[PDB]
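Q: When you get a sec, could you give me coordinates for this:
(chains A and B, ligands or ions: 2)
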Protein chains: 2
Amino acid sequence: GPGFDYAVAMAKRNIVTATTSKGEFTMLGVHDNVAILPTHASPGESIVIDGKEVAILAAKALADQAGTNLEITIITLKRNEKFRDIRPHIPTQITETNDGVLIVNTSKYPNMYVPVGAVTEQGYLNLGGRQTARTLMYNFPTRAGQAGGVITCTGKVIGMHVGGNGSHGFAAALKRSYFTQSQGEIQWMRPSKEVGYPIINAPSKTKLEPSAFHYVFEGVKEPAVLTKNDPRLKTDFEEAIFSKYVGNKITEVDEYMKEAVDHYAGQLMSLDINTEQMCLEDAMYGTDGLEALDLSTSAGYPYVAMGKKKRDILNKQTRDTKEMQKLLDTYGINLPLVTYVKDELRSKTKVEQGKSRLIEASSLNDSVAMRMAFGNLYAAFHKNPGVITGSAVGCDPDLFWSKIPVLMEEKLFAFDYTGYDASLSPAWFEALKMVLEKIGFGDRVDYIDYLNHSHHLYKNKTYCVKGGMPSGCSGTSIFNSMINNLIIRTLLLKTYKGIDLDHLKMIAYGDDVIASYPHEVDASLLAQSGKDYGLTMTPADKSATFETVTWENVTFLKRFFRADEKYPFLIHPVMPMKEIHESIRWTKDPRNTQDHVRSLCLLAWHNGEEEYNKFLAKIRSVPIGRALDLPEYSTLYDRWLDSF
Amino acid sequence: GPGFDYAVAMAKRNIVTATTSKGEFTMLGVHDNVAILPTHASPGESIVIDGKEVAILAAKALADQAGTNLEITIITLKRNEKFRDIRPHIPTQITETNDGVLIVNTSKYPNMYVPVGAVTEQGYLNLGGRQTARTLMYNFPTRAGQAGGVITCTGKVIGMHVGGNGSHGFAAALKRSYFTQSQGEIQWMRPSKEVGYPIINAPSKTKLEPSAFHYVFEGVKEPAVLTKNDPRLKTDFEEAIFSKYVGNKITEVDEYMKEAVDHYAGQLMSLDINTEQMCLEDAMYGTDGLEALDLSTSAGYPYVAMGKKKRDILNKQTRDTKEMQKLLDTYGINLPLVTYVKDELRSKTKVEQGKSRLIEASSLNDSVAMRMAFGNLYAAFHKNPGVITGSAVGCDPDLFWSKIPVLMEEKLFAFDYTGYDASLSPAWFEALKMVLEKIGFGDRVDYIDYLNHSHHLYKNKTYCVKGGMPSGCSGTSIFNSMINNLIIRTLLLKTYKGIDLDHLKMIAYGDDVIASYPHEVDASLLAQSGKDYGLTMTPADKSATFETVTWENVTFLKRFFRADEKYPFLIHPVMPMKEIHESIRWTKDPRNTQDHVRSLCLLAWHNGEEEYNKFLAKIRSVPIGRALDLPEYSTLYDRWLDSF
Ligand SMILES: [Zn+2]
Ligand SMILES: [Zn+2]
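A: Numbers count the residues shown, from 1 in each chain, chains lettered A, B, ... in the order given. Ligands and ions are numbered 1, 2, ... in the order given. The relevant structure is shown in the block below.
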């Protein structure tokens, strides 16, 4: 029989003998360094295993939702001893079997395998002094000290022996849950050298240095943490940066999402997007509604390991493709994403807690391939920022801010997401595929699969991520925005049952969304419905409670909305000075103070004439500042009126 | 409003004016050449469309399961006129909407868009003389001749206007079903030149020619059809060879399959398979339990277009990998499968009906990569043909036949599949992944995804297949056999509720399976349960009815089981002479008659001494036959006893 043979096979590498201050026990090694044993076997600071001492990093007792004991403790051993990951053998729920086997192994009961027959649920048990729950009953005169032993059946490890009453034997039922699941973070990981890929170099030291205005203005942000030994860290870094991946919350597209899909794909058809493919040249060198390949960003794999930038490939005015074509025929597509730590400014917390953001750069091949595939889709969205596309990607706030309120419905609502790009369950990509599918792109939905399921080359490792939207791929913003559209709809449909999406007016830019409806909706109620779809929603502008969003307090890019005094329907996109002060204090190339400070003024002046003058006054309080060619308020304000 | 704008957008390219002998009607073009119109608009042999005559290839009326009229006819136009595929806009079920729009367009009612408000189900209607079903009711004084018009709502095309009663308007509800779905065959297809890939050459004329024994023996098989113009064909060939893909029947792994999974993965652990990776060299040049790369088979993409065989890459005794490594780093993996028409012998029917089998060759890169990935798994299965692996792949019938009946349970059952490899729903691969996942290979389940979702380069086209097991990839046999194991279990579990899989004894070789259980099961009942999982099962040996399988009639490879007269427990694998007669009559290289006829004798002699002597006698009735070095019965029979 294979049930017996199974019991032996599991035991051969996942069952060991453990000695506590309360005798020998059979112990199931569940995964890595995690093993379980009966609670009454009170684990101490250390423990004797197959001959010698092993320390306990930390132990955990187990109880249920009622507080009732489960009679299971999950200890953690301090050693390089890796158990076979046998979590998958543990059932997801309390399992009964008509032909179970008790596995015990101590110096008192060596290699014991008992055919205990039927294994049914006992429910509530009253085991010596301490009442227990989630137990299984098998009718076999279980003797003392067989505790710890495991109960299996062909292909399943269902219970842990914890006791008996002379006639019967009892075991605490085992469930997958009980061990932090491996469906999140990463799917699998391992040494790049073991799977053909090469090691990725990464600048260790940051390229952000204090600017000429570091003391002129105040600020608290600092360059993000970039290596393991940054003394500013207050936690393990490796662990901290990967804690972004939270793993799939859902797989299936439910009715709400399908109808969210139907409606939004529906809206996109009034746009009459050109469902053709985009020629290589246009995808590369740009066309109407689409800027050429960004030369700043990385070239990705395998172009980084071969030392070859995007500049060395493109002929800006020659507009030559031959070079790029030969590459696409050679290295194909669907290539691993190179992963860098994003070198940027971060808050006091996100430095201490190592929350440095990661860059996953798509290979130039994918990059170009997806532009040929979705180029026309992108151009459509860029030439149409609004409430049809539901996208603000490509907009020009100086001008677009005056249209937004016209486009918006009567009662605004909005909220903040928390690690949006990574919280996107594979179910949302399928939803996204469906939308394409409906607007005449079902032809190349395979590319979304590429975004959902992607392997990354981190530094020393390669790993595959099943879920979440990568950060450095073509279309990222638009696809995130489109996905966002699907989400708001889904949540509205589920919360406010029988809503009317045709009066949903919203605009997204990635995770950022400004929405509206003729009736005031409850952000709170939605944020809850959000949990179910694996999304973490909190009140807009990092606010304490969910409050009513007004035109006086809503913010759409990091900017506010304020009417002009001379023309009540011209709306200034007001960027808070604090953000500008932060940014001006650091620089990655002090040969651009002119372009950098310039760019900031174009944001700062919408703060009012009184404000913007102080700002220049301060820039001009130091030599590098006075020697700068900066626009006066009128020059800008005047130009801004002719803008429209 | 976007509901209105939708109605217009759909109409712009999917609504046209059609004139029958009974006036003008609004007509919805649904996809390709398929369009619908009201039944009472009685379509003739031709029809006037936007100005001129268009012939009707064929028309179809529609009724329901009761026979009741639906008032819809789906005509087919004879022209290069492709409608936008808008099947996805059609809901899957009878849809109601609170805000519908009637779209009409004739010379009498140009560009008509009526906000008909709420659209509810009428159920049974009594429309002028002919009672109708699946109708929708909207309260708007619909006037005569607005029939044909469509009813939409944001993102959905839900009904076809068919009439009214003065106060209300009625429409036959639309459903996706109504148009042969596009979830099968192929997922998408199109010109290789449009997606970088090159054209694939294919020998037009067959390499099978009559052998020296074509008239000596009798037979009816012939070389398979290989090109469009073979005069033997009785149907369109292109269409006929692709009719193999039947499209996904299921996506989700249900409880029966998960438990089939649990049990079988369970069994495989007694084997203690080496869950490591296999070094490149062994994966390439062979090791214990694994033969080296097959040099006969194709090199695949892009090695075929570059004109470079596997021989020019491998150093049989040098065992050099550098050459292969540099290739894997260059062209990566997960490459399209090159598709050839398998040049083989076929029956009278399968020639007439163009059912020529297709070869989808995996790139040598995938090929080697999967051997490194699953090499150890394969070796385990080859060194263990039996009822543990549930696999006969790698067995040596001359010897293995005597073990099979010992290994088998007491009551045999078996059946035939129909296009098994292609009927495998994506749900079965997920199940397969789970099995790996449990036996310590979850680490490289991505490779199964490669088998499930694969693009092929046919000749002039590239297309992606979502579902079904490709024919020329590494592990095909083993993975098909493992999948088969999962299926039998699933069907047993669902039919004979509360079965006991530990007394299931079976052995598979691809789709071929010989199974048993202590109780006689009903193949019939199982074949039915099979339908639900997208599988087509019929009685074993192309038999008329499902009968009781006995040792006297069961067949496991194309061979029967017959005990030896001198040793009742030695079992001859008896290959039917007919198969041998067929095979001997053709050859692809007449410089091998020696090796070919030889090989046949090693099969033929288990048919008995009287038989095998006639067989030589006939081979030796012609010059090319007498001049052959062929083994006598004793020589073989004697050797066969020392075999074991
Ligand atoms: Zn992966
Ligand atoms: Zn595909």
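Q: So what sits opposite residue A:54 in the bridge?
A: According to DSSP bridges, the partner residues bridging residue A:54 are residue A:47.
Q: tell me the contacts of it?
A: By Cβ atoms under 8 Å, 6 or more residues apart in numbering or on different chains, the contact set of residue A:54 is A:46-48, A:77-79, A:81. All C-beta atoms are positioned from the backbone trio N, CA, C, and that covers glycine.
Q: mind running it again at 6 Å?
A: Residues in contact with residue A:54, defined by Cβ atoms under 6 Å, 6 or more residues apart in numbering or on different chains, are A:47, A:77, A:79.
Q: Tell me the buried residues within the residues you listed.
A: Buried subset of those (neighbour count, 16 or more other Cβ atoms under 10 Å in any protein chain shown): A:47, A:77.
Q: Quickly name whichever of the contacts of residue A:54 is closest to residue B:551.
A: residue A:77 (53.9 Å; Cβ to Cβ).
Q: where's residue A:118, which helix or strand?
A: According to DSSP states H and E, residue A:118 maps onto strand A:112-125.
Q: what about that strand and chain B, touching?
A: No. With Cβ under 6 Å from any Cβ of the partner chain as the criterion, chain B is not reached by strand A:112-125; the gap is at least 11.7 Å.
Q: who does that strand touch, helix- and strand-wise?
A: Packed against strand A:112-125 by the contact rule (3 or more Cβ pairs under 6 Å, 6 or more residues apart in numbering or on different chains; DSSP states H and E) you find strand A:97-104, strand A:132-138.
Q: Indicate which one of the ones you listed is closest to residue A:325.
A: When those are compared by Cβ to Cβ, strand A:97-104 sits nearest residue A:325, at 60.2 Å.
Q: Run through the neighbouring helices and strands of that closest one.
A: If you count contacts as 3+ Cβ pairs under 6 Å, 6+ apart, strand A:97-104 packs onto helix A:2-14, strand A:112-125, strand A:150-153.
Q: who does it pair up with?
A: Partners of strand A:97-104 in its sheet, by DSSP bridges: strand A:112-125 (antiparallel), strand A:150-153 (antiparallel).
Q: Can you lay out those strands as TSV showing distance to ligand 2?
A: Below are these laid out as TSV (distance: least, Cβ to the ion, whole Å):
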stretch	distance to ligand 2
strand A:112-125	45
strand A:150-153	39
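Q: Pairing partners for residue A:125 in the sheet, please.
A: In beta-bridge terms (that is, DSSP bridges), residue A:125 pairs with residue A:132.
Q: Surely it is in contact with residue A:132?
A: Yes. Using Cβ atoms under 6 Å, residue A:125 is in contact with residue A:132, at 4.8 Å.
Q: which of these two has more neighbours?
A: A count of neighbours by other Cβ atoms under 10 Å in any protein chain shown puts residue A:132 above the other of residue A:125 and residue A:132, at 23 against 19.
Q: Bridge partners for residue A:76, pull those for me.
A: On the basis of DSSP bridges, residue A:76 is bridged to residue A:34, residue A:58.
Q: does the residue of chain A found nearest ligand 1 sit in a helix or strand, and which one?
A: Ligand 1 sits closest to residue A:464 of chain A, with a gap of 2.7 Å, by Cβ to the ion. Using DSSP H and E, residue A:464 sits in strand A:461-466.
Q: Check the gap between whatever residue of the stretch 51-200 of chain A ends up closest to chain B and residue B:481 for me.
A: The stretch 51-200 of chain A approaches chain B most closely through residue A:155 (2.2 Å), counting by Cβ to the nearest Cβ. With the distance defined as Cβ to Cβ, to the nearest Å, residue A:155 ends up 18 Å from residue B:481.
Q: higher neighbour count, those two?
A: Shown here are residue A:155 and residue B:481; by other Cβ under 10 Å, residue A:155 has more neighbours (27 against 24).
Q: Give me the phi and psi angles of the spatially most central residue of chain A.
A: With distances taken as Cα atoms, centre = their mean, residue A:422 lies nearest the centre of chain A, 1.6 Å away. When read as degrees, to the nearest 10, the backbone of residue A:422 gives phi -90, psi -20.
Q: Surely it and residue A:468 touch.
A: Yes. Contact criterion Cβ under 6 Å: residue A:422 and residue A:468 qualify, at 4.0 Å.
Q: quick one, what contacts the residue of chain A closest to ligand 1?
A: When the contact criterion is Cβ under 6 Å, 6+ apart, the partners of residue A:464 are A:187, A:455.
Q: so it bridges to which residues?
A: Going by DSSP bridges, residue A:464 forms beta bridges with residue A:188, residue A:455.
Q: one step back: deepest in the core, which of the strands paired with strand A:97-104 is it.
A: Scoring the strands paired with strand A:97-104 by mean neighbour count under mean count of other Cβ atoms under 10 Å in any protein chain shown gives strand A:150-153 as the most buried, with a mean of 26.
Q: hmm, who's touching that one?
A: The contact list for strand A:150-153, computed with Cβ under 6 Å, 6+ apart, reads A:3, A:7, A:28, A:97, A:100-103, A:157-159, A:171.
Q: Reformat these as a markdown table; add neighbour count.
A: Output for the contacts of strand A:150-153, formatted as a markdown table (neighbours: other Cβ atoms under 10 Å in any protein chain shown):
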| residue | neighbour count |
| --- | --- |
| A:3 | 22 |
| A:7 | 27 |
| A:28 | 25 |
| A:97 | 22 |
| A:100 | 28 |
| A:101 | 26 |
| A:102 | 24 |
| A:103 | 26 |
| A:157 | 26 |
| A:158 | 23 |
| A:159 | 31 |
| A:171 | 29 |
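Q: of those, closest to residue A:220?
A: Relative to residue A:220, the closest of the contacts of strand A:150-153 is residue A:28; by Cβ to Cβ it sits at 49.5 Å.
Q: Is it correct that the closest one falls within a helix?
A: No. Counting by DSSP: H, G, I helix; E, B strand; the rest coil, residue A:28 is not part of a helix but strand.
Q: quick one: contacts for it?
A: Each residue near residue A:28 by Cβ under 6 Å, 6+ apart is listed here: A:14-15, A:36, A:150.
Q: Which of these sits closest to ligand 2?
A: Of the contacts of residue A:28, the one sitting nearest to ligand 2 (Cβ to the ion) turns out to be residue A:14, at 39.0 Å.
Q: interface residues of the stretch 401-550 of chain A facing ligand 1?
A: For the stretch 401-550 of chain A, the contact set with ligand 1 under Cβ under 5 Å from the ion comprises residue A:464.
Q: quick one: the strands in the stretch 401-550 of chain A?
A: For the stretch 401-550 of chain A, the strands defined by DSSP state E, counting those that start in this stretch cover A:411-413, A:415-417, A:453-457, A:461-466, A:505-509, A:512-517, A:537-539.
Q: and the helix or strand encompassing residue A:595, what does it pack onto?
A: Residue A:595 belongs to helix A:593-604 when assigned by DSSP H and E. Counting contacts by 3+ Cβ pairs under 6 Å, 6+ apart, helix A:593-604 packs against helix A:577-584.
Q: can you state the direction angle for the helix it packs on and helix A:593-604?
A: Angle of helix A:577-584 versus helix A:593-604, following axes from the mean of the first three to the mean of the last three Cα atoms, to 10 degrees, is 170 degrees.
Q: in helix A:577-584, what's buried?
A: A:577, A:579-584.
Q: Which one of these is nearest to residue A:522?
A: Nearest to residue A:522, judged by Cβ to Cβ, of the buried residues of helix A:577-584 is residue A:579 at 29.4 Å.
Q: Tell me which residues touch the closest one, please.
A: Taking Cβ under 6 Å, 6+ apart, we find residue A:579 in contact with residue A:558.
Q: And it, how close does it get to residue A:560?
A: Going from residue A:579 to residue A:560 by Cβ to Cβ gives 11 Å.
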